[PDB]
file target.tsv (TSV, C-alpha atoms (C1' of nucleotides))
chain	number	residue	atom	x	y	z
O	206	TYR	CA	58.69	-22.20	57.01
O	207	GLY	CA	59.79	-22.42	53.40
O	208	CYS	CA	59.88	-25.01	50.65
O	209	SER	CA	63.37	-25.25	49.16
O	210	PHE	CA	63.02	-28.55	47.37
O	211	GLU	CA	64.68	-30.22	44.32
O	212	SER	CA	64.06	-33.67	42.71
O	213	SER	CA	60.54	-33.40	44.03
O	214	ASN	CA	59.11	-36.70	42.79
O	215	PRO	CA	56.16	-36.82	45.24
O	216	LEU	CA	53.05	-34.73	44.58
O	217	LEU	CA	53.48	-33.23	48.07
O	218	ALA	CA	57.04	-31.99	47.26
O	219	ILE	CA	56.22	-28.97	45.04
O	220	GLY	CA	54.44	-25.63	45.29
O	221	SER	CA	53.60	-22.51	47.28
O	222	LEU	CA	53.13	-22.86	51.04
O	223	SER	CA	49.36	-22.47	51.12
O	224	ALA	CA	48.97	-25.56	49.00
O	225	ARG	CA	51.44	-27.45	51.16
O	226	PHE	CA	49.34	-26.62	54.18
O	227	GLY	CA	46.09	-27.61	52.56
O	228	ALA	CA	47.39	-30.98	51.52
O	229	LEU	CA	48.16	-31.83	55.14
O	230	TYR	CA	44.84	-30.69	56.45
O	231	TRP	CA	43.13	-33.04	53.94
O	232	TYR	CA	45.29	-35.99	54.82
O	233	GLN	CA	44.53	-35.56	58.48
O	234	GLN	CA	40.74	-35.57	58.44
O	235	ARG	CA	40.70	-38.46	56.03
O	236	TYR	CA	43.24	-40.82	57.59
O	237	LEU	CA	43.85	-39.68	61.18
O	238	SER	CA	40.27	-40.11	62.36
O	239	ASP	CA	41.48	-41.16	65.75
O	240	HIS	CA	40.63	-38.49	68.32
O	241	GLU	CA	43.29	-35.91	69.09
O	242	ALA	CA	46.00	-37.18	71.37
O	243	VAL	CA	48.28	-34.22	70.75
O	244	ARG	CA	50.64	-36.47	68.85
O	245	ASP	CA	51.34	-33.29	67.00
O	246	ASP	CA	54.67	-34.55	65.70
O	247	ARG	CA	54.01	-38.21	65.15
O	248	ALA	CA	50.53	-37.96	63.76
O	249	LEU	CA	51.54	-35.88	60.79
O	250	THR	CA	55.03	-37.18	60.32
O	251	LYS	CA	53.73	-40.10	58.25
O	252	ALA	CA	51.96	-38.04	55.59
O	253	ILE	CA	55.00	-37.75	53.37
O	254	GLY	CA	55.54	-41.48	52.88
O	255	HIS	CA	51.87	-41.87	52.16
O	256	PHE	CA	52.02	-39.62	49.12
O	257	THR	CA	55.06	-41.35	47.53
O	258	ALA	CA	53.09	-43.81	45.55
O	259	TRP	CA	50.09	-41.50	45.16
O	260	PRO	CA	49.94	-41.41	41.46
O	261	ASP	CA	49.16	-45.15	41.70
O	262	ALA	CA	47.31	-45.64	44.97
O	263	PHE	CA	44.58	-43.06	44.92
O	264	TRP	CA	42.90	-44.72	42.15
O	265	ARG	CA	42.68	-48.00	43.93
O	266	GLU	CA	41.11	-46.39	46.91
O	267	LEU	CA	38.46	-45.03	44.58
O	268	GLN	CA	38.04	-48.33	42.69
O	269	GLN	CA	37.56	-50.32	45.89
O	270	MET	CA	34.42	-48.46	46.76
O	271	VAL	CA	32.88	-48.74	43.31
O	272	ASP	CA	32.76	-52.49	43.79
O	273	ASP	CA	31.68	-52.47	47.42
O	274	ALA	CA	28.97	-50.04	46.53
O	275	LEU	CA	27.81	-52.00	43.57
O	276	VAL	CA	27.03	-55.22	45.45
O	277	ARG	CA	24.81	-53.25	47.86
O	278	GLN	CA	22.74	-51.75	45.05
O	279	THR	CA	18.97	-51.35	45.60
O	280	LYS	CA	17.72	-49.13	42.72
O	281	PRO	CA	18.47	-49.07	39.03
O	282	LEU	CA	21.58	-46.89	38.73
O	283	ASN	CA	20.08	-44.12	36.65
O	284	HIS	CA	18.01	-42.93	39.64
O	285	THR	CA	20.94	-43.35	42.15
O	286	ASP	CA	22.67	-40.23	43.64
O	287	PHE	CA	26.34	-39.76	42.85
O	288	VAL	CA	26.99	-39.31	46.55
O	289	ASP	CA	25.73	-42.79	47.49
O	290	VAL	CA	28.70	-44.34	45.83
O	291	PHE	CA	31.58	-41.95	46.39
O	292	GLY	CA	30.85	-40.47	49.77
O	293	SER	CA	31.54	-36.80	49.10
O	294	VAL	CA	35.13	-37.29	48.02
O	295	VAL	CA	34.33	-34.43	45.61
O	296	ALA	CA	33.43	-31.92	48.28
O	297	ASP	CA	36.70	-32.55	50.07
O	298	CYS	CA	38.51	-31.11	47.06
O	299	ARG	CA	37.37	-27.72	48.31
O	300	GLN	CA	39.61	-27.75	51.35
O	301	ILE	CA	42.65	-26.74	49.26
O	302	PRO	CA	41.85	-23.09	48.58
O	303	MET	CA	42.93	-22.89	44.91
O	304	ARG	CA	40.42	-23.35	42.08
O	305	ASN	CA	42.42	-24.31	39.00
O	306	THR	CA	43.56	-27.82	38.13
O	307	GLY	CA	47.26	-27.22	37.60
O	308	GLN	CA	47.83	-26.23	41.22
O	309	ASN	CA	45.19	-28.18	43.17
O	310	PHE	CA	46.67	-31.58	42.52
O	311	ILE	CA	44.08	-33.54	44.55
O	312	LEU	CA	41.31	-32.45	42.19
O	313	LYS	CA	43.48	-33.12	39.19
O	314	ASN	CA	43.76	-36.82	40.07
O	315	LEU	CA	40.11	-37.24	40.87
O	316	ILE	CA	39.13	-35.94	37.51
O	317	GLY	CA	41.62	-38.12	35.80
O	318	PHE	CA	40.04	-41.12	37.32
O	319	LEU	CA	36.44	-40.19	36.52
O	320	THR	CA	37.27	-39.58	32.92
O	321	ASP	CA	38.64	-43.07	32.59
O	322	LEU	CA	35.73	-44.58	34.41
O	323	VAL	CA	33.25	-43.19	31.93
O	324	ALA	CA	35.42	-44.15	28.98
O	325	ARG	CA	35.30	-47.85	29.78
O	326	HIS	CA	31.50	-47.83	30.29
O	327	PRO	CA	29.64	-46.64	27.12
O	328	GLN	CA	25.83	-46.39	26.88
O	329	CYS	CA	23.65	-49.47	26.24
O	330	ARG	CA	20.13	-50.83	27.07
O	331	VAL	CA	20.65	-51.47	30.76
O	332	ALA	CA	21.88	-48.60	32.86
O	333	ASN	CA	25.45	-48.68	34.34
O	334	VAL	CA	28.06	-46.52	36.39
O	335	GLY	CA	28.42	-43.22	34.74
O	336	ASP	CA	24.74	-42.49	34.69
O	337	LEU	CA	24.76	-41.30	38.29
O	338	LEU	CA	23.19	-38.01	39.16
O	339	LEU	CA	25.19	-34.89	40.19
O	340	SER	CA	23.79	-31.80	41.92
O	341	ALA	CA	24.37	-28.23	40.82
O	342	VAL	CA	27.14	-27.65	43.42
O	343	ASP	CA	28.93	-30.74	42.18
O	344	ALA	CA	29.18	-29.77	38.61
O	345	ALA	CA	30.48	-26.41	39.77
O	346	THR	CA	33.35	-28.17	41.49
O	347	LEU	CA	34.25	-30.50	38.63
O	348	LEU	CA	33.96	-27.74	36.05
O	349	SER	CA	36.17	-25.36	38.07
O	350	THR	CA	33.62	-22.59	38.13
O	351	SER	CA	31.04	-20.92	40.38
O	352	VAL	CA	27.45	-22.13	40.59
O	353	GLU	CA	25.76	-19.25	38.92
O	354	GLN	CA	27.81	-20.06	35.86
O	355	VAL	CA	26.25	-23.52	35.72
O	356	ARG	CA	22.79	-22.02	35.79
O	357	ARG	CA	23.77	-19.80	32.90
O	358	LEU	CA	25.21	-22.81	31.07
O	359	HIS	CA	21.93	-24.70	31.53
O	360	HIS	CA	19.89	-21.81	30.32
O	361	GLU	CA	21.72	-21.68	27.05
O	362	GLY	CA	21.18	-25.31	26.38
O	363	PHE	CA	24.59	-26.72	26.63
O	364	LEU	CA	23.42	-29.44	28.89
O	365	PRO	CA	20.20	-31.37	29.65
O	366	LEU	CA	18.19	-31.70	32.88
O	367	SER	CA	17.09	-35.24	33.77
O	368	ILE	CA	14.47	-34.99	36.50
O	369	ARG	CA	11.15	-33.30	35.91
O	370	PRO	CA	10.31	-31.02	38.86
O	371	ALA	CA	6.82	-29.97	39.90
O	372	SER	CA	5.27	-26.68	38.87
O	373	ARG	CA	5.44	-23.52	40.97
O	374	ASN	CA	8.68	-24.77	42.45
O	375	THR	CA	12.39	-24.49	41.99
O	376	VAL	CA	15.25	-26.92	41.94
O	377	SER	CA	17.67	-26.18	44.75
O	378	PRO	CA	21.49	-26.46	44.46
O	379	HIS	CA	21.50	-29.56	46.62
O	380	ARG	CA	19.11	-31.59	44.38
O	381	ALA	CA	20.77	-34.29	42.25
O	382	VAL	CA	20.02	-33.75	38.54
O	383	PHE	CA	22.74	-34.07	35.76
O	384	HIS	CA	24.24	-37.33	34.52
O	385	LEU	CA	27.90	-37.98	35.12
O	386	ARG	CA	28.77	-38.81	31.55
O	387	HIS	CA	27.26	-35.52	30.36
O	388	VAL	CA	29.47	-33.42	32.64
O	389	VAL	CA	32.67	-35.26	31.90
O	390	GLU	CA	32.19	-34.80	28.15
O	391	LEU	CA	31.20	-31.22	28.25
O	392	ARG	CA	34.28	-30.35	30.30
O	393	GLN	CA	36.68	-31.95	27.84
O	394	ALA	CA	34.88	-30.28	25.00
O	395	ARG	CA	34.66	-26.68	26.04
O	396	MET	CA	36.25	-25.98	29.41
O	397	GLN	CA	39.99	-26.27	28.95
O	398	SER	CA	42.53	-23.44	29.44
O	399	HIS	CA	46.26	-22.96	29.84
O	400	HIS	CA	45.98	-23.84	33.56
G	1	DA	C1'	42.79	5.18	88.04
G	2	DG	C1'	42.42	-0.17	89.35
G	3	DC	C1'	39.42	-4.28	90.28
G	4	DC	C1'	35.26	-7.29	89.78
G	5	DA	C1'	30.04	-9.58	87.54
G	6	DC	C1'	27.65	-10.11	84.08
G	7	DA	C1'	25.80	-9.58	79.73
G	8	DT	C1'	26.44	-11.24	74.96
G	9	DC	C1'	29.17	-13.24	70.92
G	10	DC	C1'	31.28	-16.13	67.24
G	11	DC	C1'	33.43	-20.68	65.79
G	12	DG	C1'	32.89	-25.67	65.63
G	13	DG	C1'	28.94	-28.76	65.37
G	14	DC	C1'	24.50	-30.51	63.95
G	15	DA	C1'	20.44	-31.17	61.36
G	16	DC	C1'	17.44	-30.23	57.20
G	17	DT	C1'	16.19	-28.91	51.65
G	18	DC	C1'	14.00	-33.31	48.43
G	19	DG	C1'	11.94	-37.82	44.75
G	20	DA	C1'	9.41	-37.31	40.53
G	21	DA	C1'	5.29	-33.69	33.95
G	22	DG	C1'	2.05	-30.16	32.38
G	23	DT	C1'	-5.04	-29.79	31.96
G	24	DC	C1'	-6.85	-22.75	27.10
G	25	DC	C1'	-6.88	-18.19	26.31
G	26	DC	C1'	-11.58	-13.97	24.53
G	27	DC	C1'	-16.30	-11.06	23.19
G	28	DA	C1'	-21.96	-10.93	22.99
G	29	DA	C1'	-27.22	-12.91	26.73
G	30	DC	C1'	-34.47	-10.19	22.83
G	31	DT	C1'	-37.97	-6.86	21.59
G	32	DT	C1'	-44.84	-5.79	21.29
G	33	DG	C1'	-49.70	-7.21	23.23
G	34	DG	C1'	-53.50	-9.25	26.42
G	35	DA	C1'	-54.93	-12.62	33.30
G	36	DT	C1'	-63.11	-14.02	32.70
G	37	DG	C1'	-68.01	-13.85	34.04
G	38	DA	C1'	-72.76	-15.81	38.14
G	39	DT	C1'	-74.67	-18.42	41.96
G	40	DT	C1'	-74.54	-20.46	47.00
G	41	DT	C1'	-71.02	-20.94	53.06
G	42	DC	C1'	-75.56	-26.17	58.36
G	43	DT	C1'	-79.15	-27.79	61.92
G	44	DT	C1'	-80.00	-30.69	67.53
G	45	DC	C1'	-78.40	-31.20	73.16
G	46	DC	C1'	-74.81	-31.00	76.88
G	47	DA	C1'	-70.18	-27.38	79.97
G	48	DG	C1'	-68.64	-32.16	87.38
G	49	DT	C1'	-67.99	-33.12	92.14
G	50	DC	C1'	-64.47	-32.30	97.78
G	51	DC	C1'	-60.45	-31.17	101.15
G	52	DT	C1'	-56.73	-26.92	102.09
G	53	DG	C1'	-59.13	-19.08	108.15
G	54	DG	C1'	-58.19	-15.62	112.03
G	55	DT	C1'	-60.49	-13.52	115.69
G	56	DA	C1'	-63.57	-12.73	119.25
G	57	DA	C1'	-68.43	-13.74	121.31
call {"tool": "encode", "arguments": {"input": "target.tsv", "output": "C-alpha coordinates"}}
result
Amino acid sequence: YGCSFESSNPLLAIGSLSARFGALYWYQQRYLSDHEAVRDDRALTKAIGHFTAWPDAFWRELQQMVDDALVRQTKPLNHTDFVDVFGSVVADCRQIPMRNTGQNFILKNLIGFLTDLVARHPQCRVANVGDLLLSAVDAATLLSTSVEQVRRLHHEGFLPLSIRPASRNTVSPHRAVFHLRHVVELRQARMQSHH
DNA sequence: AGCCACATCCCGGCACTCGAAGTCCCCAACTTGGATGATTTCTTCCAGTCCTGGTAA
(Lines of atoms letter the chains of each structure in order from A and count residues from 1; the text may use other names and numbers.)
(Lines give C-alpha, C1' and ligand atoms only; values in the text may rest on other atoms or scores of the structure.)
Protein backbone atom coordinates (compact mmCIF):
# COMPACT_ATOMS: atom_id res chain seq x y z
CA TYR A 1 0.00 0.00 0.00
CA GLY A 2 3.10 2.10 0.55
CA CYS A 3 6.77 1.56 1.22
CA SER A 4 7.87 3.56 4.26
CA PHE A 5 11.13 1.82 4.97
CA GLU A 6 14.46 2.77 6.68
CA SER A 7 17.67 0.71 7.22
CA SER A 8 16.70 -1.20 4.13
CA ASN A 9 19.59 -3.67 3.94
CA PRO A 10 17.82 -6.21 1.68
CA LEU A 11 17.55 -5.57 -2.07
CA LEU A 12 13.77 -6.01 -1.74
CA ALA A 13 13.52 -3.20 0.88
CA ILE A 14 13.90 -0.12 -1.38
CA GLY A 15 12.11 1.55 -4.27
CA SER A 16 8.87 2.57 -5.96
CA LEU A 17 5.90 0.22 -5.69
CA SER A 18 5.94 -1.08 -9.25
CA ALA A 19 9.37 -2.52 -8.70
CA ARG A 20 8.32 -4.03 -5.39
CA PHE A 21 5.49 -5.79 -7.18
CA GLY A 22 7.65 -7.05 -9.98
CA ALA A 23 10.18 -8.55 -7.64
CA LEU A 24 7.48 -10.71 -6.05
CA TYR A 25 6.05 -11.87 -9.32
CA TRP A 26 9.55 -13.09 -10.33
CA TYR A 27 10.15 -14.88 -7.08
CA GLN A 28 6.88 -16.72 -7.38
CA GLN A 29 7.24 -18.27 -10.82
CA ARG A 30 10.79 -19.26 -10.09
CA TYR A 31 10.47 -20.79 -6.63
CA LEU A 32 6.77 -21.49 -5.98
CA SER A 33 6.30 -23.88 -8.88
CA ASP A 34 3.86 -25.89 -6.87
CA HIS A 35 0.36 -25.50 -8.30
CA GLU A 36 -1.86 -22.84 -6.78
CA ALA A 37 -3.37 -23.84 -3.48
CA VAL A 38 -4.57 -20.34 -2.66
CA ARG A 39 -1.99 -20.12 0.07
CA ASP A 40 -2.12 -16.48 -0.82
CA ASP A 41 -0.64 -15.42 2.50
CA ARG A 42 1.78 -18.19 3.26
CA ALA A 43 3.13 -18.73 -0.21
CA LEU A 44 4.49 -15.24 -0.55
CA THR A 45 5.27 -14.55 3.05
CA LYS A 46 8.66 -16.26 2.71
CA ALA A 47 9.99 -14.08 -0.11
CA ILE A 48 11.48 -11.49 2.21
CA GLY A 49 13.79 -13.86 4.09
CA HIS A 50 14.91 -15.30 0.80
CA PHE A 51 16.32 -12.00 -0.40
CA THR A 52 18.31 -11.26 2.80
CA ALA A 53 21.44 -12.93 1.68
CA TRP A 54 20.83 -12.22 -2.01
CA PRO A 55 23.94 -10.35 -2.74
CA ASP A 56 25.74 -13.63 -1.94
CA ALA A 57 23.37 -16.41 -2.94
CA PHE A 58 22.30 -15.55 -6.43
CA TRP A 59 25.66 -16.11 -7.72
CA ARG A 60 25.87 -19.59 -6.37
CA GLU A 61 22.63 -20.51 -7.98
CA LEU A 62 24.13 -19.40 -11.26
CA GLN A 63 27.48 -21.13 -10.63
CA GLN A 64 25.83 -24.44 -9.81
CA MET A 65 24.39 -24.77 -13.26
CA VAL A 66 27.60 -23.87 -15.06
CA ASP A 67 29.15 -27.01 -13.62
CA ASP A 68 26.14 -29.27 -14.07
CA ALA A 69 25.86 -28.09 -17.61
CA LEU A 70 29.49 -28.57 -18.34
CA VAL A 71 29.63 -32.28 -17.51
CA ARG A 72 26.75 -32.92 -19.93
CA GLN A 73 28.53 -31.21 -22.82
CA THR A 74 28.18 -32.74 -26.31
CA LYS A 75 29.58 -30.12 -28.76
CA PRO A 76 32.62 -27.90 -28.65
CA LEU A 77 31.48 -24.82 -26.72
CA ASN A 78 31.94 -22.28 -29.49
CA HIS A 79 28.95 -23.74 -31.39
CA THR A 80 26.79 -24.11 -28.19
CA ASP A 81 23.77 -21.79 -27.62
CA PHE A 82 23.88 -19.52 -24.58
CA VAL A 83 20.45 -20.78 -23.62
CA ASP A 84 21.55 -24.41 -23.26
CA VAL A 85 23.52 -23.52 -20.20
CA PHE A 86 21.57 -20.80 -18.45
CA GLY A 87 17.98 -21.69 -19.18
CA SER A 88 16.59 -18.28 -20.09
CA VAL A 89 17.46 -16.63 -16.81
CA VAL A 90 18.09 -13.58 -19.02
CA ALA A 91 14.59 -13.38 -20.42
CA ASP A 92 13.13 -13.41 -16.93
CA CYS A 93 14.78 -10.06 -16.30
CA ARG A 94 12.07 -8.59 -18.49
CA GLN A 95 9.30 -9.22 -15.98
CA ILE A 96 10.29 -6.15 -13.94
CA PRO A 97 9.04 -3.36 -16.20
CA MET A 98 11.98 -0.92 -15.85
CA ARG A 99 14.83 -0.87 -18.37
CA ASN A 100 17.79 0.78 -16.64
CA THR A 101 20.25 -0.98 -14.35
CA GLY A 102 20.07 1.27 -11.32
CA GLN A 103 16.44 0.43 -10.65
CA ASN A 104 16.01 -3.12 -11.98
CA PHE A 105 18.21 -4.77 -9.41
CA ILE A 106 17.71 -8.35 -10.68
CA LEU A 107 19.39 -7.47 -13.97
CA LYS A 108 22.10 -5.57 -12.19
CA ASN A 109 23.26 -8.71 -10.36
CA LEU A 110 23.10 -10.94 -13.38
CA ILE A 111 25.36 -8.66 -15.29
CA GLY A 112 27.74 -8.43 -12.42
CA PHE A 113 28.14 -12.12 -12.45
CA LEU A 114 28.64 -12.50 -16.20
CA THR A 115 31.32 -9.87 -16.23
CA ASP A 116 33.29 -11.79 -13.66
CA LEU A 117 32.77 -15.06 -15.44
CA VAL A 118 34.36 -13.77 -18.61
CA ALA A 119 37.19 -12.12 -16.71
CA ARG A 120 38.44 -15.38 -15.24
CA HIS A 121 38.32 -17.19 -18.62
CA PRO A 122 40.55 -15.46 -21.25
CA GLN A 123 40.94 -16.71 -24.84
CA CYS A 124 43.27 -19.62 -25.71
CA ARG A 125 43.57 -22.52 -28.24
CA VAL A 126 40.71 -24.66 -26.97
CA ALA A 127 37.34 -23.03 -26.66
CA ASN A 128 35.82 -22.37 -23.18
CA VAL A 129 32.74 -20.69 -21.34
CA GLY A 130 32.40 -17.20 -22.56
CA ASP A 131 32.38 -18.14 -26.20
CA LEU A 132 28.69 -19.04 -26.10
CA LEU A 133 26.37 -17.62 -28.69
CA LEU A 134 23.71 -14.95 -27.94
CA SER A 135 20.75 -14.05 -30.17
CA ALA A 136 19.79 -10.55 -31.20
CA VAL A 137 17.05 -10.28 -28.53
CA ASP A 138 19.55 -11.27 -25.88
CA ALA A 139 22.06 -8.62 -26.58
CA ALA A 140 19.22 -6.12 -26.53
CA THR A 141 18.43 -7.14 -22.98
CA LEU A 142 22.00 -7.10 -21.68
CA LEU A 143 22.78 -3.83 -23.41
CA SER A 144 19.64 -2.12 -22.04
CA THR A 145 18.37 -1.10 -25.43
CA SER A 146 15.81 -2.03 -28.09
CA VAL A 147 16.55 -4.54 -30.84
CA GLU A 148 16.62 -2.20 -33.76
CA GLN A 149 19.48 -0.43 -32.04
CA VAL A 150 21.52 -3.63 -32.12
CA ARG A 151 20.97 -3.95 -35.83
CA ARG A 152 22.20 -0.40 -36.25
CA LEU A 153 25.20 -1.17 -34.04
CA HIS A 154 26.06 -4.19 -36.20
CA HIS A 155 25.76 -2.23 -39.36
CA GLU A 156 28.32 0.27 -38.24
CA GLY A 157 30.82 -2.37 -37.42
CA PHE A 158 31.05 -2.16 -33.73
CA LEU A 159 30.64 -5.85 -33.38
CA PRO A 160 31.27 -9.03 -35.43
CA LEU A 161 28.86 -11.73 -36.64
CA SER A 162 30.03 -15.31 -36.12
CA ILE A 163 27.80 -17.58 -38.18
CA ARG A 164 27.71 -17.36 -41.95
CA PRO A 165 24.09 -17.48 -43.17
CA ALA A 166 22.94 -18.64 -46.59
CA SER A 167 22.24 -16.25 -49.44
CA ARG A 168 18.80 -14.84 -50.21
CA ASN A 169 17.92 -15.21 -46.56
CA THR A 170 17.86 -13.24 -43.37
CA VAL A 171 18.92 -13.87 -39.82
CA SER A 172 15.94 -13.73 -37.50
CA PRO A 173 16.01 -12.23 -33.97
CA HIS A 174 15.78 -15.67 -32.42
CA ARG A 175 18.95 -17.06 -34.13
CA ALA A 176 22.02 -17.36 -31.88
CA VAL A 177 24.95 -15.38 -33.33
CA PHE A 178 27.26 -13.11 -31.15
CA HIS A 179 29.88 -14.34 -28.69
CA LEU A 180 29.40 -13.63 -25.03
CA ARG A 181 32.79 -12.10 -24.45
CA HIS A 182 32.23 -9.62 -27.29
CA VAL A 183 29.01 -8.27 -25.76
CA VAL A 184 30.33 -7.97 -22.25
CA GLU A 185 33.32 -5.94 -23.43
CA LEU A 186 31.46 -3.68 -25.72
CA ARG A 187 29.01 -2.78 -22.96
CA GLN A 188 31.72 -1.76 -20.53
CA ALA A 189 33.42 0.20 -23.24
CA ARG A 190 30.69 2.31 -24.70
CA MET A 191 27.33 1.80 -23.03
CA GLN A 192 27.55 3.35 -19.58
CA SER A 193 25.45 6.30 -18.32
CA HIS A 194 24.55 8.00 -15.05
CA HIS A 195 21.86 5.34 -14.41
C1' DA B 1 -39.27 -1.40 -20.52
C1' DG B 2 -37.57 -6.27 -18.56
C1' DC B 3 -35.98 -11.10 -19.53
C1' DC B 4 -33.64 -14.85 -22.20
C1' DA B 5 -30.11 -17.61 -26.37
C1' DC B 6 -26.70 -17.25 -28.85
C1' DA B 7 -23.11 -15.42 -31.39
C1' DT B 8 -18.25 -14.01 -30.87
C1' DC B 9 -14.00 -12.37 -28.22
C1' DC B 10 -9.55 -11.84 -25.72
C1' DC B 11 -6.13 -13.68 -22.20
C1' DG B 12 -3.36 -17.61 -20.76
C1' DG B 13 -1.21 -21.45 -23.17
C1' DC B 14 1.29 -23.89 -26.72
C1' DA B 15 4.17 -24.75 -30.54
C1' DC B 16 7.47 -23.18 -34.25
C1' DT B 17 11.62 -19.89 -36.73
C1' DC B 18 16.82 -22.51 -37.48
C1' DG B 19 22.46 -24.93 -38.13
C1' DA B 20 26.00 -23.46 -41.26
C1' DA B 21 30.07 -19.09 -47.40
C1' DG B 22 29.84 -16.95 -51.97
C1' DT B 23 30.60 -19.38 -58.61
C1' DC B 24 31.23 -12.33 -63.74
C1' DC B 25 29.54 -8.48 -65.69
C1' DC B 26 29.25 -6.32 -71.87
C1' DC B 27 29.29 -5.38 -77.50
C1' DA B 28 29.86 -7.51 -82.71
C1' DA B 29 28.15 -13.06 -86.15
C1' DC B 30 30.66 -12.02 -94.38
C1' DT B 31 30.28 -10.30 -99.05
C1' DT B 32 30.56 -12.17 -105.75
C1' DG B 33 30.06 -16.23 -109.31
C1' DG B 34 28.72 -20.94 -111.48
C1' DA B 35 24.74 -27.56 -110.42
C1' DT B 36 26.67 -31.69 -117.39
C1' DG B 37 25.85 -34.25 -121.70
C1' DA B 38 23.78 -39.77 -124.62
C1' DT B 39 22.04 -44.46 -124.75
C1' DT B 40 18.81 -48.49 -123.08
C1' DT B 41 13.60 -50.47 -118.79
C1' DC B 42 12.19 -58.98 -120.06
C1' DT B 43 10.30 -63.48 -122.15
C1' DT B 44 7.11 -68.86 -120.94
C1' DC B 45 2.45 -71.43 -118.45
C1' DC B 46 -1.12 -71.67 -114.70
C1' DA B 47 -6.02 -68.57 -111.46
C1' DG B 48 -9.96 -75.30 -107.08
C1' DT B 49 -13.58 -78.16 -105.39
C1' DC B 50 -19.09 -78.94 -101.68
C1' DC B 51 -22.88 -78.11 -97.97
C1' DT B 52 -26.19 -73.83 -96.12
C1' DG B 53 -35.22 -71.93 -100.47
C1' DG B 54 -40.40 -70.87 -100.40
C1' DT B 55 -44.41 -72.06 -102.75
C1' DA B 56 -47.59 -74.53 -105.33
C1' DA B 57 -48.41 -78.34 -109.02
call {"tool": "interface_residues", "arguments": {"input": "target.tsv", "of": "chain O", "to": "chain G", "cutoff": "7 Å", "atoms": "all atoms listed in the file", "output": "ChimeraX atom specification"}}
result
/O:368-370,380
call {"tool": "atom_distance", "arguments": {"input": "target.tsv", "atom1": "atom CA of residue O:239", "atom2": "atom CA of residue O:224"}}
result
24.1 Å
call {"tool": "residues_around", "arguments": {"input": "target.tsv", "residues": "residue O:248", "least_positions_apart": "2", "cutoff": "12 Å", "atoms": "all atoms listed in the file", "output": "number ranges by chain"}}
result
O: 229-230, 232-234, 236-246, 250-253
call {"tool": "atom_distance", "arguments": {"input": "target.tsv", "atom1": "atom CA of residue O:269", "atom2": "atom CA of residue O:228"}}
result
22.4 Å
call {"tool": "atom_distance", "arguments": {"input": "target.tsv", "atom1": "atom CA of residue O:396", "atom2": "atom CA of residue O:364"}}
result
13.3 Å
call {"tool": "closest_residue", "arguments": {"input": "target.tsv", "among": "O:285, O:328, O:333, O:314", "to": "residue O:347", "atoms": "only C-alpha atoms"}}
result
O:314
call {"tool": "residues_near_point", "arguments": {"input": "target.tsv", "point": "(21.5, -31.9, 24.9)", "cutoff": "12 Å", "atoms": "all atoms listed in the file", "output": "number ranges by chain"}}
result
O: 358-367, 383-384, 387-388, 390-391
call {"tool": "residues_around", "arguments": {"input": "target.tsv", "residues": "residue O:304", "least_positions_apart": "2", "cutoff": "12 Å", "atoms": "all atoms listed in the file", "output": "short mmCIF file (atom, residue, chain, number, x, y, z; two decimals) with C-alpha atoms, keeping the file's coordinate frame"}}
result
data_model
loop_
_atom_site.label_atom_id
_atom_site.label_comp_id
_atom_site.auth_asym_id
_atom_site.auth_seq_id
_atom_site.Cartn_x
_atom_site.Cartn_y
_atom_site.Cartn_z
CA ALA O 224 48.97 -25.56 49.00
CA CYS O 298 38.51 -31.11 47.06
CA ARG O 299 37.37 -27.72 48.31
CA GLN O 300 39.61 -27.75 51.35
CA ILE O 301 42.65 -26.74 49.26
CA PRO O 302 41.85 -23.09 48.58
CA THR O 306 43.56 -27.82 38.13
CA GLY O 307 47.26 -27.22 37.60
CA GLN O 308 47.83 -26.23 41.22
CA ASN O 309 45.19 -28.18 43.17
CA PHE O 310 46.67 -31.58 42.52
CA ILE O 311 44.08 -33.54 44.55
CA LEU O 312 41.31 -32.45 42.19
CA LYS O 313 43.48 -33.12 39.19
CA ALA O 345 30.48 -26.41 39.77
CA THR O 346 33.35 -28.17 41.49
CA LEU O 347 34.25 -30.50 38.63
CA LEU O 348 33.96 -27.74 36.05
CA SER O 349 36.17 -25.36 38.07
CA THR O 350 33.62 -22.59 38.13
CA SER O 351 31.04 -20.92 40.38
CA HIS O 400 45.98 -23.84 33.56
#
call {"tool": "axis_aligned_box", "arguments": {"input": "target.tsv", "around": "stretch 21-39 of chain G", "padding_each_side": "8 Å", "output": "JSON"}}
result
{"center_x": -34.7, "center_y": -19.7, "center_z": 31.6, "size_x": 96.0, "size_y": 43.9, "size_z": 36.7}
